């Protein structure tokens, strides 16, 4: 029974393995383990550490995968290490040869692998997907799906899913490069051959694929949501061919409706005026299928439903953060099967997963300015006056700067949130900060960044940046807050030991009490932590795993925040923690 569909399907229930990004199909980041709890945490201790070496460091975002005592882990610069759960012995490794003309936007990171049958899977920075035998380090198949030289890569974990209609098992993966003016795409593949079953673009009017040849087209062909141009070949504006909406994070899956649930990324160029008719109003010129959660049909890759989070993303509020399936108990009576999401744009969304109908929406980060709230009968944010920054005055190649919050780095970025089955709360790794944003000149050039805006990131408050927050999904309340001097960039994990775990920027692994927020335990690993920890049972013992090594976007795009973070050291390791055997 070596990695079957039901092992995957049951994966949030079985404490002795971890088979995918999220610790379940619902991506709840929850575990029923209680060996480690709030009265004995004070004793947690490192069991062993593995260093990735090779003189290759930079950000380490990977969530590890454990199956039958082998941790499968990914490292920067497209590597995969297979390790003995109990000792930290190395079993095998794979190194991808990386061309010299790669261009990932926000550091050479990788977020995980998937296991199915006897194979291990992961995406690579030159835009490929590789399959390896879980026992050997032997490559079984490789497919390169896009031109890296034009801006594509892959940084996110792939997932496995089963079509409840056709019976087939699929490998689901996304793509990356909104910043480079790429057309984002979603894909399905055959696990044993890596052959393209289906391909689906997420900018409105683009041509999708099915069993090898073209199929249908995403929405209307005329593409009413993007501005027309009766001079260019397409009739549409240039941005239309460089639109964006790339799903650079991972899917989530619901067996009960036979639906894939995935986020779409920000549209291209950043500038709202490249995607609005001259003269014109950026209010209903939505850049259809960008910066929202998309419901997808497993059998054909056609769009089932869609709930957009920033109708005309002027700010790069990339709206593809993760979707956790929970049971929403309205506010009195009706349990609703829902999606939950803590977006880049500062608000928390409760969406009906049966059809993408908004149920509750509210802020999770303090002083928001681009929007006052989300108008519930309409599903649309109610913006503020100067928040789409104005075009330059005649003669100026830069326009007037406006103070926005949150900044493009967001209220929360990809690092992921956990759901607690016992307390009902979502534990969100958020940040408090803002920026100056201003318009510049916009034009597309293959292999170049395609923003069209200028920016600077800066503090919001004097005493802190990172904000661990316990949010109640029905009332929209902050049950508790833990504050930190550096930003927060690690995932969170919740357990039936009444514990919350995460890592910080200055290198500690920490444990928090899940009802009150009190700091109970920390350990200094030696580099800032930017990944999601996991936990598991092994031959009767509770284990914790965290990947260590600072990186990601802050160092390269953070502004003041790059400066704060200059003294954090680089690293590259995996660490396993547990209770002393003696």
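Positions refer to the first chain, counted from 1.
- The PDB entry reports B-factors from which the mean C-alpha value can be compared for 362 to 370 and 277 to 285; the larger average falls on 277 to 285.
- The deposited model assigns a higher average Cα B-factor to 379 to 387 than to the other stretch when 103 to 111 and 379 to 387 are compared.
- Take 84, 178, 343, 254 and read off each C-alpha B-factor from the entry; 254 has the highest.
- Set against one another, the Cα B-factors of 71, 120, 188, 169 in the record reach their highest point at 169.
- When all modelled residues of the chain are sorted by CA temperature factor, residue 34 is found within the middle third.
- In the deposited entry, the Cα temperature factor of residue 309 sits in the top third of values across the chain's modelled residues.
- Annotation for residue 539: C-alpha temperature factor in the highest third relative to the rest of the modelled chain, per the entry.
- Ranked by Cα temperature factor within the chain, residue 233 sits in the highest third according to the deposited record.
- Sort the chain's modelled residues by C-alpha temperature factor and residue 443 lands in the highest third, per the entry.
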